[PDB]
Structure formats: C-alpha cells, structure tokens
Amino acid sequence: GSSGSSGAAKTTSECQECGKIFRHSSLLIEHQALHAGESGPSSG
Ligand SMILES: [Zn+2]
C-alpha cells in the first residue's frame, strides 16, 4: 500500500495513477493508455 513511492532515489517515469515505475517515459506512455477508460479517484 503506497509503499516506497520514490523508486530508486531518482526521478523516474512512475505511473502516479497506479504506481508503476518505467525505465523510459515511452514505456509509461503506452502503459497509461491502458488506464484511459475508468474514472480516477478525484483527490483535489
Ligand atoms: Zn498506471
């Protein structure tokens, strides 16, 4: 549960929607697409 929300002590392309770290943005770009559909938990 929201464990280690940092990665490897360095700015990475981690999905803030779920929390999946991706080497290069690209990887995350294709991953995010999967999300496109459901409604995210509006936090504010
Ligand atoms: Zn995601």
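Numbering-wise (the entry's author numbering), the sequence shown opens with residue 1 and increments by one. Note that CB positions come from ideal geometry on N, CA and C, so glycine has one too.
Same chain only: Cβ atoms within 6 Å of residue i, ignoring 5 sequence neighbours per side
| i | result |
| --- | --- |
| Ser-13 | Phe-22, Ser-25 and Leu-28 |
Helix, strand or coil at residue i according to DSSP, with G and I counted as helix
| i | result |
| --- | --- |
| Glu-30 | helix |
| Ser-25 | helix |
Distance cut-off 8 Å: residue i Cβ against heavy atoms of ligand 1
| i | result |
| --- | --- |
| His-24 | no |
| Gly-4 | no |
| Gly-19 | yes |
| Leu-27 | no |
Residue(s) in a DSSP beta bridge with residue i
| i | result |
| --- | --- |
| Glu-38 | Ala-36 |
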